[PDB]
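Only one chain is given next, in structure tokens, and it is the form solved without kanamycin A (KAN).
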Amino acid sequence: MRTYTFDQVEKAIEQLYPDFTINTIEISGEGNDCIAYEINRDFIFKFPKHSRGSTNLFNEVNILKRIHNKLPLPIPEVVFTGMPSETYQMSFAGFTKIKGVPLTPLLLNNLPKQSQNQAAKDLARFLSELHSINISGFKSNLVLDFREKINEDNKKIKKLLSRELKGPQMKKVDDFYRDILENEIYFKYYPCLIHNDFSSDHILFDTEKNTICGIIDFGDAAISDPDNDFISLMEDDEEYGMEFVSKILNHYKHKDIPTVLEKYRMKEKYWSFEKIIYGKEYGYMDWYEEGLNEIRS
């Protein structure tokens, strides 16, 4: 990863956009992939921290431009884009600012029961449109094959935990990957376009109108399992409940909720193996060691 001073952001924008004079600039957010900057109170500028994040910024731009105006909820519109550099597919990107605050589980549980049922209706129609977007014109660089991901990970995990586990602790790991790779329900899906990061902090809310007014962060959007846009809203602790999500699945006419829960249960256990890979990828020591303990159990 890397980092930028304010002046570095401004000069990168001026370079590529010399007619665009900046007046106000704040740090808006800081994710794992990008730093977001609010510029002139109306634009969010994503700047990547690392090569992996700039191709997520490249893909986000490309996905937003291509789904421009198709969805039933406001999404960012691409207004400014940077350039590919050395190791960076995209140096930066500027989007339109979507108003609203995130629809947090506390925010939601404080809404009237009507507005809660509306929120689930709105998310259903959003995911229902999104998933029915024809995806025959995307490139293979946007498709999430799950199997090969499981397999790349699996090899990663064998080299990382080699100097960390050994035999008995591992063979349980091996039994866990092969158990997944065997199970078709994880792989026998109809791919569609998915948000892939569909969680409470990416759903913008209008506390005056008491309705959802925004979906943001398509940096992980891909062609993949549409059950992914539902499991990321379950989690009880950090997300909504199965109570609210189930209302979403029912407005969506999802015809197999038991395998939504099979997938949820599996991504839950798998999260510890993502911590080891990303923990070791970015540098997050605590994410690595938080992945290890969970394994050893």
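The numbering used is simple: start at 1 and walk along the sequence shown.
Keep in mind that the form deposited with kanamycin A (KAN) bound is not shown, yet the notes after this line are about it.
Asks: Identify which of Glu26, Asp256, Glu243, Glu238 has a heavy atom within 4.5 Å of kanamycin A (KAN) in the deposited complex; exactly one of them does.
Replies: When kanamycin A (KAN) is considered in the deposited complex, the option within 4.5 Å is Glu238.
Asks: Ok, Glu129, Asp197, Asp145, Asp153: which has a heavy atom sitting within 4.5 Å of kanamycin A (KAN) in the deposited complex?
Replies: Filtering the options by heavy-atom distance leaves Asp197.
Asks: Between kanamycin A (KAN) and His202, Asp220 and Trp287, in the deposited complex, does every residue show a non-hydrogen atom at 4.5 Å or closer?
Replies: Checked in the deposited complex: all three residues contact kanamycin A (KAN).
Asks: In the deposited complex, does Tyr17 come within 4.5 Å of kanamycin A (KAN), counting heavy atoms only?
Replies: No, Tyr17 stays farther than 4.5 Å from kanamycin A (KAN) in the deposited complex.
Asks: Answer for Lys267 alone: is it within 4.5 Å of kanamycin A (KAN) in the deposited complex, judged on heavy atom distances?
Replies: It does: once kanamycin A (KAN) is placed as it appears in the deposited complex, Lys267 has a heavy atom within 4.5 Å of it.
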